[PDB]
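Here is the file query-v5.tsv (TSV, C-alpha atoms).
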chain	number	residue	atom	x	y	z
A	1	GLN	CA	132.62	56.63	125.02
A	2	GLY	CA	130.70	59.95	125.37
A	3	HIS	CA	127.70	58.99	123.20
A	4	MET	CA	126.05	55.58	123.96
A	5	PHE	CA	122.80	53.78	122.92
A	6	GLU	CA	120.73	51.10	124.74
A	7	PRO	CA	117.12	49.74	124.02
A	8	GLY	CA	115.04	52.41	125.88
A	9	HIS	CA	117.65	55.24	126.32
A	10	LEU	CA	120.54	57.20	124.63
A	11	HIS	CA	123.44	58.87	126.61
A	12	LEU	CA	125.27	62.01	125.24
A	13	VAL	CA	128.64	63.51	126.36
A	14	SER	CA	131.26	65.03	123.92
A	15	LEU	CA	134.25	62.69	123.28
A	16	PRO	CA	137.73	64.35	123.94
A	17	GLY	CA	139.30	65.76	120.73
A	18	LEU	CA	135.86	66.56	119.18
A	19	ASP	CA	134.67	69.53	121.32
A	20	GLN	CA	135.93	70.35	124.87
A	21	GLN	CA	132.65	71.72	126.32
A	22	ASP	CA	130.42	70.46	129.18
A	23	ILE	CA	127.59	68.85	127.16
A	24	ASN	CA	125.62	66.07	128.87
A	25	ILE	CA	122.15	64.90	127.75
A	26	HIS	CA	119.95	61.88	128.56
A	27	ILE	CA	117.36	60.76	125.91
A	28	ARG	CA	114.71	58.39	127.31
A	29	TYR	CA	112.03	56.95	124.99
A	30	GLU	CA	109.06	54.97	126.35
A	31	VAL	CA	106.37	53.72	123.95
A	32	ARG	CA	102.93	54.29	125.54
A	33	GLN	CA	99.43	53.78	124.06
A	34	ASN	CA	97.00	56.76	123.79
A	35	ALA	CA	93.33	56.21	122.71
A	36	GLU	CA	93.87	59.03	120.13
A	37	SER	CA	96.57	57.47	117.80
A	38	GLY	CA	96.99	54.05	119.47
A	39	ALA	CA	100.79	53.65	119.70
A	40	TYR	CA	103.02	56.72	120.40
A	41	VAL	CA	106.44	57.42	122.06
A	42	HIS	CA	106.91	59.64	125.16
A	43	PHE	CA	110.45	61.19	125.16
A	44	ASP	CA	112.36	62.83	128.10
A	45	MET	CA	115.62	64.84	127.63
A	46	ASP	CA	117.62	66.13	130.68
A	47	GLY	CA	121.21	67.13	131.69
A	48	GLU	CA	123.29	70.37	132.00
A	49	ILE	CA	124.97	72.07	128.99
A	50	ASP	CA	127.51	74.86	129.75
A	51	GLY	CA	126.47	73.99	133.35
A	52	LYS	CA	122.83	74.97	132.53
A	53	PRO	CA	120.35	72.24	133.80
A	54	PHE	CA	117.32	71.33	131.62
A	55	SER	CA	114.33	68.95	131.81
A	56	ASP	CA	112.30	68.52	128.59
A	57	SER	CA	109.51	66.14	127.45
A	58	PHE	CA	108.08	65.76	123.90
A	59	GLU	CA	105.64	63.14	122.50
A	60	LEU	CA	105.26	61.90	118.89
A	61	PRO	CA	102.38	59.62	117.57
A	62	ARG	CA	103.19	56.32	115.71
A	63	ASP	CA	102.80	58.37	112.43
A	64	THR	CA	105.71	60.80	113.29
A	65	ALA	CA	107.54	58.67	115.95
A	66	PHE	CA	110.38	57.87	113.46
A	67	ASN	CA	110.77	61.68	112.93
A	68	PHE	CA	112.28	61.74	116.49
A	69	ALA	CA	115.99	61.87	115.35
A	70	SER	CA	115.29	65.27	113.67
A	71	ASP	CA	113.52	66.83	116.73
A	72	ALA	CA	115.53	65.12	119.56
A	73	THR	CA	118.67	66.57	117.87
A	74	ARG	CA	116.98	70.01	117.19
A	75	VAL	CA	116.12	70.49	120.92
A	76	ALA	CA	119.60	69.13	121.97
A	77	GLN	CA	121.46	71.73	119.85
A	78	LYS	CA	118.95	74.43	120.97
A	79	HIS	CA	120.33	73.57	124.48
A	80	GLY	CA	123.96	74.36	123.34
A	81	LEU	CA	125.37	71.98	120.65
A	82	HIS	CA	126.97	73.30	117.41
A	83	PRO	CA	126.77	71.30	114.02
A	84	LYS	CA	130.61	70.95	114.38
A	85	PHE	CA	129.84	68.26	117.06
A	86	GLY	CA	128.06	66.24	114.33
A	87	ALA	CA	124.55	66.56	115.79
A	88	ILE	CA	122.25	66.54	112.67
A	89	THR	CA	125.16	66.97	110.16
A	90	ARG	CA	126.46	63.41	110.91
A	91	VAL	CA	124.58	60.66	108.98
A	92	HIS	CA	123.94	58.29	111.96
A	93	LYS	CA	124.48	54.84	110.35
A	94	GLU	CA	123.16	53.10	113.52
A	95	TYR	CA	119.93	55.20	113.17
A	96	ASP	CA	118.50	52.16	111.26
A	97	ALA	CA	119.13	49.98	114.38
A	98	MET	CA	117.23	52.46	116.65
A	99	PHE	CA	114.58	52.79	113.86
A	100	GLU	CA	113.90	49.01	113.75
A	101	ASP	CA	113.85	48.88	117.60
A	102	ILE	CA	111.09	51.55	117.72
A	103	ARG	CA	108.99	49.98	114.82
A	104	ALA	CA	109.01	46.60	116.68
A	105	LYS	CA	108.28	48.31	120.07
A	106	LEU	CA	105.34	50.25	118.48
A	107	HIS	CA	104.07	46.82	117.28
A	108	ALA	CA	104.78	45.53	120.89
A	109	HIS	CA	105.85	42.11	119.52
A	110	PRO	CA	109.35	41.82	117.78
A	111	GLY	CA	109.69	41.56	113.96
A	112	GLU	CA	113.32	41.82	112.79
A	113	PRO	CA	114.08	40.74	109.09
A	114	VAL	CA	116.56	37.80	109.08
A	115	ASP	CA	119.30	38.25	106.40
A	116	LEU	CA	118.76	34.74	104.82
A	117	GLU	CA	116.59	36.31	102.02
A	118	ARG	CA	119.18	39.14	101.64
A	119	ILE	CA	121.77	36.44	100.60
A	120	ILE	CA	119.56	35.42	97.62
A	121	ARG	CA	118.78	39.11	96.69
A	122	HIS	CA	120.88	39.45	93.46
A	123	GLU	CA	120.58	38.91	89.65
A	124	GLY	CA	123.17	37.39	87.26
A	125	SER	CA	123.55	33.59	87.48

In C-alpha cells, how does this file's structure come out?
Amino acid sequence: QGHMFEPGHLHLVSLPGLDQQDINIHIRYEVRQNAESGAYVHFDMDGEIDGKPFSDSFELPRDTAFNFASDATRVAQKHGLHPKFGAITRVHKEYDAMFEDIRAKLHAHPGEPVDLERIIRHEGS
C-alpha cells in the first residue's frame, strides 16, 4: 500500500503509478513527558531516499505537537520528495484521525467524541 498508518508509527513508500523512485521513510512518534512543558512528542524519521540513508529526530512540545504534519513532511521532502508525490500539497483527510490519537495520547487517558450528539446537531424541525 506504500503509505500506511498505525497508532505510534507511519510507513512511507511511493505507490506504483504515482512516482517510480526509491523513497522509503519511517515516522515514529512517542509521547514523553519533560518537566519543561509537561507533555511533548519525540519523533524519529529514518530510511533511504535515492538510496541515501538518513536518521533524524525532532521533538515538539504539547503546544506545537499538532504542527508535526507540516514539519514531518518538510524534512521528508528535504530528503528527496517532490510536491507531485502529494507530500504537503495533498489535504490528508485522515490527518484528523492521527490528530485525535495524539491529543488523547498527550492527555494519556482516551477521550474520543461519540457521534450520538452529532446526530442531533441540526436546525429545522

Checklist line | Given all atoms listed in the file as the counted atoms, nearest of A:75, A:25, A:41, A:87 to residue 107 in chain A | finding: A:41

Note to self: List as a PyMOL selection string the protein and nucleic acid residues near residue 24 in chain A, meaning an atom at most 6 Å away when all atoms listed in the file are counted, but skip any in the same chain fewer than 3 places from it.
What the structure shows: chain A and resi 12-13+47-48

Next item on the list: Please identify all polymer residues within 12 Å of residue 1 in chain A, counting only C-alpha atoms, omitting same-chain residues fewer than 4 positions from it, and present them as a count of residues only.
Entry: 8

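Minimum distance to residue 88 in chain A across A:55, A:8, A:102, A:70 (counting all atoms listed in the file) occurs at A:70.
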
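When CA of residue 36 in chain A is paired with CA of residue 64 in chain A, their separation reads 13.8 Å.
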
Next item on the list: Could you give me, as a PyMOL selection string, the residues within 9 Å of residue 62 in chain A, counting all atoms listed in the file and dropping anything in the same chain fewer than 6 positions from it?
Entry: chain A and resi 37-41+103+106

Go ahead and save the residues from that selection, with C-alpha atoms, as a PDB file, in the frame of the given file.
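Result saved to out.pdb:
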ATOM      1  CA  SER A  37      96.570  57.470 117.800  1.00  0.00           C
ATOM      2  CA  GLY A  38      96.990  54.050 119.470  1.00  0.00           C
ATOM      3  CA  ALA A  39     100.790  53.650 119.700  1.00  0.00           C
ATOM      4  CA  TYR A  40     103.020  56.720 120.400  1.00  0.00           C
ATOM      5  CA  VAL A  41     106.440  57.420 122.060  1.00  0.00           C
ATOM      6  CA  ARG A 103     108.990  49.980 114.820  1.00  0.00           C
ATOM      7  CA  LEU A 106     105.340  50.250 118.480  1.00  0.00           C
TER       8      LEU A 106
END

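Minimum distance to residue 81 in chain A across A:115, A:46, A:100, A:22 (counting all atoms listed in the file) occurs at A:22.
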